[PDB]
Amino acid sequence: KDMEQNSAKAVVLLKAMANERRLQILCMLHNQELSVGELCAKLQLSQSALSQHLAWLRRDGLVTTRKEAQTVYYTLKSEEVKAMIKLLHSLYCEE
């Protein structure tokens, strides 16, 4: 019943974070709002591939956007992902 529904909900979030590039994006958005350009410069990633990771994180509800006429700013969306990144940040990001 709920065991398979909650397990699925959590797995969706875990699968979205179980990627080196996707995790680095989320960790950078910890208590911070960044644009596509700011992420591109801080990650050495092509815009085409960076847009693919952002699309995956957006489709699964891990990040939400805000536009400043054409510039898109990204930020962590769900409280579950915010708590997940906060804990991971202290375990691996030295803070």
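In this text, residue numbers run from 1 along the sequence as written.
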Can you let me know which of the two, 4-12 or 84-92, has the higher average C-alpha B-factor in the entry? 4-12
For 63-71 versus 41-49, entry-based mean Cα B-factors point to 41-49
Please say which third, lowest, middle or highest, residue 28 falls into when its CA temperature factor is compared across its chain. middle
Lowest, middle or highest third of the chain for the C-alpha temperature factor of residue 57? lowest
